[PDB]
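Asks: Below is the structure I would like to discuss, written out as structure tokens.
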Amino acid sequence: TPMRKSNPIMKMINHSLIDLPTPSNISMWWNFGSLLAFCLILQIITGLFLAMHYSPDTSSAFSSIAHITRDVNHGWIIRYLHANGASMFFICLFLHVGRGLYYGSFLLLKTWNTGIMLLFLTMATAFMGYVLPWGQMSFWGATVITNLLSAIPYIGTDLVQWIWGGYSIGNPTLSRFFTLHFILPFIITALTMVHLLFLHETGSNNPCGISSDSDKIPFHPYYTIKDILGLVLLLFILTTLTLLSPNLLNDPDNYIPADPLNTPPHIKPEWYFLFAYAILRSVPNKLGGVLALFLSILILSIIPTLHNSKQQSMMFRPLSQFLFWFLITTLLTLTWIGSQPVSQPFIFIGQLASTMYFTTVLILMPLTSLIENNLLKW
Amino acid sequence: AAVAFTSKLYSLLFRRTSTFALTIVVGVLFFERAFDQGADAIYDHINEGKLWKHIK
Amino acid sequence: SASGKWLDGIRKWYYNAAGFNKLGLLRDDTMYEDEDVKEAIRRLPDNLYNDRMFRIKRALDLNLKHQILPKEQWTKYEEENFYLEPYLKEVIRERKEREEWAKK
Amino acid sequence: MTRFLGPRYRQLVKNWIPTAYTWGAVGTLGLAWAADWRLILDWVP
Amino acid sequence: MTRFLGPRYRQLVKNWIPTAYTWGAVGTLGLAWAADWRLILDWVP
Amino acid sequence: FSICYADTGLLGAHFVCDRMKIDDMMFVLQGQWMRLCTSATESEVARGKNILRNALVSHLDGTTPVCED
Ligand SMILES: CCCCCCCCCCCCCCCCCC(=O)OC[C@H](COP(=O)([O-])OCC(O)COP(=O)([O-])OC[C@@H](COC(=O)CCCCCCCCCCCCCCCCC)OC(=O)CCCCCCCCCCCCCCCCC)OC(=O)CCCCCCCCCCCCCCCCC
Ligand SMILES: CCCCCCCCCCCCCCCCCC(=O)OC[C@H](COP(=O)([O-])OCC[N+](C)(C)C)OC(=O)CCCCCCCCCCCCCCCCC
Ligand SMILES: CCCCCCCCCCCCCCCCCC(=O)OC[C@H](COP(=O)([O-])OCC[N+](C)(C)C)OC(=O)CCCCCCCCCCCCCCCCC
Ligand SMILES: CCCCCCCC/C=C/CCCCCCCC(=O)OC[C@H](COP(=O)(O)OCCN)OC(=O)CCCCCCC/C=C/CCCCCCCC
Ligand SMILES: CCCCCCCC/C=C/CCCCCCCC(=O)OC[C@H](COP(=O)(O)OCCN)OC(=O)CCCCCCC/C=C/CCCCCCCC
Ligand code: HEM
Ligand code: HEM
Ligand SMILES: O=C1C(=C2CCC(c3ccc(Cl)cc3)CC2)C(O)=C(O)c2ccccc21
Ligand SMILES: O=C1C(O)=C([C@H]2CC[C@H](c3ccc(Cl)cc3)CC2)C(=O)c2ccccc21
């Protein structure tokens with residue numbers, strides 16, 4: 001035998017990414033998982049460096065970041081890279097989800113469920129990093145997200161006070177944010193390995209939705225060079241964002257330190273969250289609002305159950321495709337509404353967008369699938 | 001027959017992997033310096049009169 | 001009555017919109033292989049099995065090459081063969097019978 | 001589903017009812033004992 | 001070991017000497033280029 | 001095998017395998033090729049020369065092969 005197959009560690013590597021049988025015909029939409037992994041690695045490295053200069057204390061957090069960006073050699077670009085890498089991470093994440101919704105890869109149940117877990121974990125992590133600078137937006141974001149558990153009817157307020165460690169947001173809460181933000185990424189790493197373990201038991205779905213076991217090619221050299229090309233492209237975009245236009249996504253209100261006595265007139269979270277914010281804004285009831293907020297993501301878990309089609313992929317299903325793109329526009333609409341004041345036109349538009357989101361996932365797609373079946377005479 | 005440039009290049013340098021690697025390190029040594037100098041020249045030239053190196 | 005011609009009209013429209021005929025594929029080729037479908041495929045005679053396998057490989061190759069067949073070679077709506085339906089119906093009957101035994 | 005409507009399934013469910021409510025008792029009393037839930041524990045002599 | 005004393009092993013080592021010193025050149029120049037090691041790089045025109 | 005023509009030829013190998021052992025066999029064959037290109041030694045070469053001598057003299061036995069030659 002070759003050494004490639006002489007040994008358990010080596011043979012696992014070989015079954016993973018040398019002699020793995022991959023479909024010949026998968027497209028660019030399948031590159032975004034490797035880019036996700038790359039992004040995780042980038043974040044961990046840049047974070048370990050930042051960590052050695054940051055101060056988890058409310059009387060010096062802000063100024064520690066000032067110190068990083070002004071006195072540490074090239075510290076400014078390390079900061080820039082961390083912040084922009086998070087944004088890239090979520091871009092890839094959203095595109096990665098959407099692929100699977102379009103091409104019917106949710107029928108790999110274990111992979112799909114571990115994906116949902118990973119989405120949740122990544123969001124938690126990103127939010128707990130966003131409050132560390134202790135600027136004016138960070139503070140009130142913390143406040144809202146930790147008051148969320150007050151909606152639990154019997155035990156909520158006590159949960160809030162047990163997470164605060166006191167009567168209010170304060171120094172004891174910031175160190176908790178920092179410990180959790182430190183530890184979560186590694187749990188994410190382990191669960192990613194489990195995710196891929198589950199994947200390699202079946203292999204990759206493909207655009208046509210039919211079995212590809214007659215035309216499998218090896219992962220090396222084809223997809224090795226293909227993914228390397230994808231990485232080069234991602235690095236070009238990331239560099240241009242870091243050096244040529246660093247302030248594109250930046251928010252001025254987080255360059256004012258925190259003031260516990262004043263909330264600013266215009267409130268806006270980080271962009272990858274706006275849509276949830278809009279959903280949360282759309283229900284005139286506290287408990288109902290929070291419930292909707294969490295269901296908006298948890299609803300992905302029952303898509304496999306509502307599947308009626310005989311065919312797996314939307315490639316050959318046009319009515320389906322039309323609905324898919326309408327759903328994507330509803331999400332864009334929620335993102336846009338999240339940016340606007342809480343005033344009447346936007347209130348009404350947001351409520352319609354929310355009802356149409358759930359409607360579409362839960363009702364319209366199942367019924368169009370049945371119509372489609374009937375048109376093909378089965 | 002026709003001693004052509006790329007064939008000499010293959011036979012002298014690229015045929016053996018060690019020598020290919022050596023060629024690569026030697027090329028990067030000189031590319032780095034030439035490329036830096038060109039870029040710095042262009043940059044300096046785009047905004048003459050505004051950099052403190054010369055105002056000094 | 002006319003209603004037959006009308007329904008067949010919309011059905012032909014939907015078939016051309018789907019476009020698996022552009023790849024040289026039959027409808028029964030495009031099913032997802034659940035348990036029953038795999039058992040129906042097991043039951044095919046050799047000639048049908050081999051024809052199916054080649055047709056599918058050819059579609060995959062075209063998809064790899066972002067191309068389609070010449071229009072002259074597209075599958076036409078009026079002369080298609082539902083070769084797998086009969087076997088599938090039998091498989092499903094058998095499973096239904098067993099279920100019905102299991103509740104007594 | 002529609003499959004699980006029939007005689008055997010009724011008989012089979014009846015077979016497991018007692019074990020079900022016994023595990024229910026176990027879970028309820030354990031929760032109460034673990035959270036010193038006075039609403040239940042104040043009635044224990 | 002004592003096994004690897006003999007004619008074939010001498011011939012075999014001679015076969016690989018040149019590749020060995022070429023990889024040595026690669027490693028040395030790379031280290032120097034990577035650490036801007038002036039001790040070597042000051043002699044490059 | 002070696003198959004010669006006037007201006008060209010084929011130089012290679014032929015084998016039969018069980019379907020689960022094609023990859024290993026290709027690996028072994030190409031590895032022997034690389035070995036000869038990079039690392040040959042005198043002791044084996046001597047053996048090969050003797051095998052070739054024996055073949056040449058063995059073939060030319062009887063009139064038919066000689067006429068044909
Ligand atoms: C100061 C900042 C400077 C920044 C500079 C940035 C420079 C970036 C350079 C990037 C170069 C990339 C090169 C990649 C080569 C890869 C080769 C390869 O294999 O590709 C395969 C890959 C496709 O993969 P695949 O295997 O075919 O699978 C895909 C599908 O499954 C296939 O499915 P299908 O076949 O069904 O699909 C067919 C069709 C489907 O077609 C449709 O769906 C229909 C579309 C119709 C459009 C009609 C026009 C618009 C709508 C008008 C409608 C009417 C309006 C009426 C209004 C009325 C109002 C009253 O889709 C296509 O054919 C798409 C092709 C084009 C892709 C474009 C990609 C854009 C990337 C943008 C990057 C932006 C970020 C840059 C960084 C910025 C930093 C600040 O891509 C290609 O084949 C195309 C390669 C070439 C792409 C070039 C892109 C150049 C972008 C330049 C942007 C510059 C401006 C930036 C602005 C920034 C603002 C902030
Ligand atoms: C979320 C927080 C609150 C959670 C509270 C939990 C409430 C429920 C607690 C139940 C405890 C008793 C369960 C016994 C189950 C035995 C099953 C079994 O197999 O037994 C036979 C087995 C094997 O026995 P055996 O093999 O010799 O024979 C058994 C054969 N039969 C059954 C026929 C007799 O025995 C064991 O080895 C069981 C070991 C169980 C060890 C449990 C340790 C206690 C852990 C829970 C208490 C601590 C909670 C702390 C909460 C703090 C909150 C702030
Ligand atoms: C510890 C810190 C200091 C370390 C310094 C390292 C010094 C040595 C650097 C050597 C660089 C060049 C090696 C080339 C080897 C190519 C082998 C090969 O298989 O090539 C053919 C292969 C395949 O080519 P092919 O398949 O098309 O054909 C090859 C066939 N032959 C050989 C016959 C022509 O090409 C590759 O894909 C090789 C990619 C190599 C990528 C290397 C990236 C650079 C990484 C090192 C530099 C950065 C160091 C940073 C240090 C910072 C310190 C502060
Ligand atoms: C910094 C700000 C960032 C803002 C947010 C960025 C992410 C959202 C981007 C939205 C726009 C994305 C446009 C992508 C290009 C679309 C091109 C297109 O329409 O091509 C159609 C073409 C048709 O091909 P086939 O049907 O396969 O057949 C062809 C072979 N014969 O390709 C497709 O349809 C492939 C579609 C794949 C999925 C695309 C998903 C895009 C959006 C994903 C993210 C949306 C938000 C999250 C959704 C899920 C939420 C639970
Ligand atoms: C002092 C300045 C620095 C000098 C640096 C010198 C080294 C430069 C870089 C050299 C890289 C290595 C090139 C040669 C690798 C040879 C590998 C080898 O012979 O093993 C191949 C063979 C392949 O396996 P099979 O497939 O089973 O083979 C069957 C074939 N039919 O064996 C293997 O499995 C691979 C074994 C790998 C061994 C690698 C050894 C690396 C040694 C590095 C030393 C570095 C020293 C640095 C010193 C720094 C100063 C203190
Ligand atoms: C840190 C987050 C994640 C990482 C690092 C990751 C990584 C990967 C990688 C490398 C692949 C290989 C195939 C490919 O790139 O398409 C993959 C496939 C897949 N991922 Fe994930 N993923 C993540 C999150 C998710 C999420 C959020 C979902 C779904 C909600 C998901 C569902 C899937 C599925 C279904 C596949 C296989 C689909 C197919 O092959 O057709 N993953 N993932
Ligand atoms: C999935 C992985 C990660 C994500 C998504 C993430 C995200 C973020 C975000 C969005 C910020 C705030 C950016 C800003 O305020 O401009 C941040 C800050 C920070 N993160 Fe990360 N992070 C990750 C991994 C890590 C790791 C592993 C560490 C290890 C210590 C770390 C350490 C820090 C530190 C110290 C800060 C504060 C410094 C600053 O605000 O510039 N991060 N993180
Ligand atoms: O990119 C991958 C992939 C993997 C390649 C190696 C990546 C990776 C990431 C980080 C490190 Cl340190 C090493 C390898 C992880 C993703 C993997 O397992 C698949 O199964 C797959 C299938 C289709 C298309 C692409 C892929
Ligand atoms: O009022 C808010 C608000 O409502 C949120 C919200 C946004 C959505 C978040 C969210 C929670 C859970 C999930 Cl799964 C996704 C997003 C929770 C915090 C903020 O992020 C915020 C930031 C800064 C100032 C004010 C605010």
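Residues in the structure tokens are named by chain (A, B, ... in the order shown) and by number from 1 within that chain; ligands are numbered from 1 in the order shown.
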Could you list, as a PyMOL selection string, all residues that come within 6 Å of ligand 7? Count only C-alpha atoms and all ligand atoms.
Replies: chain A and resi 40+43-44+47-48+50-51+54+79+83+86+122+125-126+129-130+132-133+182+185
Asks: Only C-alpha atoms, please: the residues just picked out, written as a PDB file, in the first residue's frame.
Replies:
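Saved the output as selection26.pdb:
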ATOM      1  CA  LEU A  40     -13.279  31.037  11.258  1.00  0.00           C
ATOM      2  CA  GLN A  43     -11.071  35.290  13.212  1.00  0.00           C
ATOM      3  CA  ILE A  44      -9.400  33.033  15.775  1.00  0.00           C
ATOM      4  CA  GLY A  47      -8.613  37.555  18.012  1.00  0.00           C
ATOM      5  CA  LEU A  48      -5.793  35.859  19.853  1.00  0.00           C
ATOM      6  CA  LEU A  50      -6.111  41.567  19.956  1.00  0.00           C
ATOM      7  CA  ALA A  51      -6.797  39.670  23.202  1.00  0.00           C
ATOM      8  CA  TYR A  54      -7.654  44.546  25.345  1.00  0.00           C
ATOM      9  CA  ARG A  79      -8.443  45.584  14.152  1.00  0.00           C
ATOM     10  CA  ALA A  83     -14.048  43.584  12.057  1.00  0.00           C
ATOM     11  CA  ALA A  86     -16.907  39.026  10.726  1.00  0.00           C
ATOM     12  CA  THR A 122     -22.075  32.076  15.364  1.00  0.00           C
ATOM     13  CA  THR A 125     -20.504  34.875  19.289  1.00  0.00           C
ATOM     14  CA  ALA A 126     -20.763  37.853  16.931  1.00  0.00           C
ATOM     15  CA  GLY A 129     -17.993  40.547  20.467  1.00  0.00           C
ATOM     16  CA  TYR A 130     -19.950  43.620  19.367  1.00  0.00           C
ATOM     17  CA  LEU A 132     -16.711  44.724  24.006  1.00  0.00           C
ATOM     18  CA  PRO A 133     -15.644  48.229  22.848  1.00  0.00           C
ATOM     19  CA  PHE A 182     -13.265  33.789  24.114  1.00  0.00           C
ATOM     20  CA  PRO A 185     -15.323  29.864  18.666  1.00  0.00           C
TER      21      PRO A 185
END
Asks: Enumerate residues in contact with ligand 8: an atom-to-atom distance of at most 10 Å, counting only C-alpha atoms and all ligand atoms. Format the result as number ranges by chain.
Replies: A: 13, 15-18, 20-24, 26-41, 192-193, 195-206, 219, 223-224, 226-228
Asks: Could you write out the selected residues, including C-alpha atoms, as a compact mmCIF listing (two decimals), in the first residue's frame?
Replies:
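See result-v9.txt below for the written result:
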# COMPACT_ATOMS: atom_id res chain seq x y z
CA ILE A 13 -7.18 12.64 5.90
CA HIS A 15 -10.93 9.77 2.94
CA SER A 16 -11.58 13.44 3.74
CA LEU A 17 -9.76 15.42 1.04
CA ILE A 18 -7.59 13.32 -1.29
CA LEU A 20 -13.04 11.44 -1.50
CA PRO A 21 -15.46 10.97 -4.45
CA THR A 22 -17.07 14.33 -5.36
CA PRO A 23 -19.68 15.13 -8.04
CA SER A 24 -18.21 16.33 -11.32
CA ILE A 26 -21.22 21.12 -8.75
CA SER A 27 -20.93 24.88 -9.26
CA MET A 28 -19.56 27.96 -7.48
CA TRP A 29 -22.31 27.80 -4.85
CA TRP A 30 -20.38 24.92 -3.22
CA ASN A 31 -17.26 27.02 -2.48
CA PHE A 32 -18.74 28.94 0.46
CA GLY A 33 -18.24 26.23 3.08
CA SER A 34 -14.47 26.27 2.65
CA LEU A 35 -14.60 30.07 2.76
CA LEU A 36 -16.56 29.80 6.02
CA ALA A 37 -13.81 27.64 7.51
CA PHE A 38 -11.14 30.07 6.30
CA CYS A 39 -13.07 32.92 7.96
CA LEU A 40 -13.28 31.04 11.26
CA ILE A 41 -9.51 30.50 11.21
CA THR A 192 -17.82 21.97 12.40
CA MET A 193 -15.76 18.79 12.47
CA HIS A 195 -20.78 18.53 10.68
CA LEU A 196 -18.30 17.34 8.06
CA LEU A 197 -18.14 13.85 9.58
CA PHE A 198 -21.89 13.57 9.00
CA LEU A 199 -21.51 14.94 5.46
CA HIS A 200 -18.86 12.47 4.28
CA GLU A 201 -21.08 9.46 5.06
CA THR A 202 -23.32 10.32 2.08
CA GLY A 203 -21.43 12.82 -0.10
CA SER A 204 -22.45 16.02 -1.84
CA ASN A 205 -25.79 16.69 -3.53
CA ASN A 206 -25.62 18.48 -6.86
CA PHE A 219 -11.32 15.76 -4.72
CA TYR A 223 -11.61 20.88 -6.15
CA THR A 224 -8.34 21.66 -4.37
CA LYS A 226 -10.99 25.33 -7.41
CA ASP A 227 -11.23 26.20 -3.69
CA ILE A 228 -7.80 27.85 -3.80
Asks: Do you know which residues are within 7 Å of ligand 9 using only C-alpha atoms and all ligand atoms? Can you write them as a list in words?
Replies: residues 120, 123, 137, 138, 140, 141, 144, 145, 267, 268, 269, 270, 273, 274, 276, 277, 280, 293, 294 and 297 of chain A
Asks: Within 9 Å of region 23-40 of chain B, counting only C-alpha atoms, which residues qualify if same-chain residues fewer than 6 places away don't, as a list in words?
Replies: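 In the requested format, the answer is residues 13 and 14 of chain B; 26, 29, 30 and 33 of chain E.
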Asks: Write out as a PyMOL selection string the set of residues from chain D that DSSP, computed on the backbone, places in helix (DSSP H, G or I).
Replies: chain D and resi 7-34+38-41
Asks: Identify, on the basis of only C-alpha atoms, every residue whose closest approach to region 5-21 of chain D does not exceed 12 Å; exclude the query and any residue fewer than 2 positions from it along the same chain; express the result as a VMD selection string.
Replies: (chain C and resid 99 to 104) or (chain D and resid 1 to 3 23 to 28)
Asks: Could you turn the residues from that selection into a file that holds N, CA, C and O atoms, as a short mmCIF file (atom, residue, chain, number, x, y, z; two decimals), in the first residue's frame?
Replies:
data_model
loop_
_atom_site.label_atom_id
_atom_site.label_comp_id
_atom_site.auth_asym_id
_atom_site.auth_seq_id
_atom_site.Cartn_x
_atom_site.Cartn_y
_atom_site.Cartn_z
N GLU C 99 -48.30 -2.47 5.74
CA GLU C 99 -48.96 -1.56 6.68
C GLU C 99 -50.33 -2.03 7.15
O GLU C 99 -50.59 -2.12 8.36
N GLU C 100 -51.24 -2.32 6.22
CA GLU C 100 -52.60 -2.67 6.63
C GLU C 100 -52.62 -3.94 7.49
O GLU C 100 -53.45 -4.06 8.39
N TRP C 101 -51.72 -4.89 7.21
CA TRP C 101 -51.60 -6.03 8.11
C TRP C 101 -51.14 -5.60 9.50
O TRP C 101 -51.53 -6.21 10.50
N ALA C 102 -50.31 -4.57 9.58
CA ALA C 102 -49.66 -4.26 10.85
C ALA C 102 -50.59 -3.62 11.89
O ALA C 102 -50.18 -3.51 13.05
N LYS C 103 -51.80 -3.20 11.52
CA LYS C 103 -52.69 -2.53 12.46
C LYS C 103 -53.76 -3.44 13.05
O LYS C 103 -54.54 -2.99 13.89
N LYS C 104 -53.81 -4.70 12.64
CA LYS C 104 -54.84 -5.62 13.10
C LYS C 104 -54.40 -6.34 14.37
O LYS C 104 -53.26 -6.77 14.50
N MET D 1 -50.07 11.01 9.10
CA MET D 1 -49.63 9.58 9.04
C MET D 1 -50.76 8.68 8.54
O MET D 1 -50.65 8.06 7.48
N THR D 2 -51.84 8.58 9.32
CA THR D 2 -53.02 7.78 8.98
C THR D 2 -52.74 6.29 9.08
O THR D 2 -53.68 5.48 9.12
N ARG D 3 -51.47 5.90 9.15
CA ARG D 3 -51.15 4.49 9.28
C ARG D 3 -51.47 3.98 10.68
O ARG D 3 -51.96 2.86 10.84
N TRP D 23 -43.14 7.19 35.14
CA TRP D 23 -42.04 8.09 34.80
C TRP D 23 -42.45 9.55 34.97
O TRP D 23 -41.61 10.39 35.34
N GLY D 24 -43.71 9.88 34.70
CA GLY D 24 -44.18 11.23 34.97
C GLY D 24 -44.05 11.60 36.43
O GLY D 24 -43.61 12.70 36.77
N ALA D 25 -44.45 10.69 37.32
CA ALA D 25 -44.29 10.93 38.75
C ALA D 25 -42.82 11.16 39.10
O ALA D 25 -42.48 12.07 39.86
N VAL D 26 -41.94 10.32 38.55
CA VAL D 26 -40.51 10.45 38.82
C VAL D 26 -40.02 11.84 38.42
O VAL D 26 -39.43 12.55 39.24
N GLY D 27 -40.33 12.26 37.19
CA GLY D 27 -39.87 13.56 36.73
C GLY D 27 -40.41 14.71 37.55
O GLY D 27 -39.68 15.63 37.91
N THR D 28 -41.71 14.67 37.88
CA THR D 28 -42.31 15.76 38.64
C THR D 28 -41.67 15.89 40.02
O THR D 28 -41.22 16.97 40.41
#
Asks: Tell me, as a VMD selection string, which residues lie within 12 Å of residue 211 (chain A), counting only C-alpha atoms; anything in the same chain fewer than 4 positions away does not count.
Replies: (chain A and resid 22 to 25 202 to 207 215 to 216 311 to 313) or (chain C and resid 29 to 34 38 52 to 53 56 to 57 59 to 60)
Asks: Please, what distance in Å, to one decimal, runs between CA of residue 32 (chain F) and CA of residue 11 (chain B)?
Replies: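 A separation of 23.3 Å between them.
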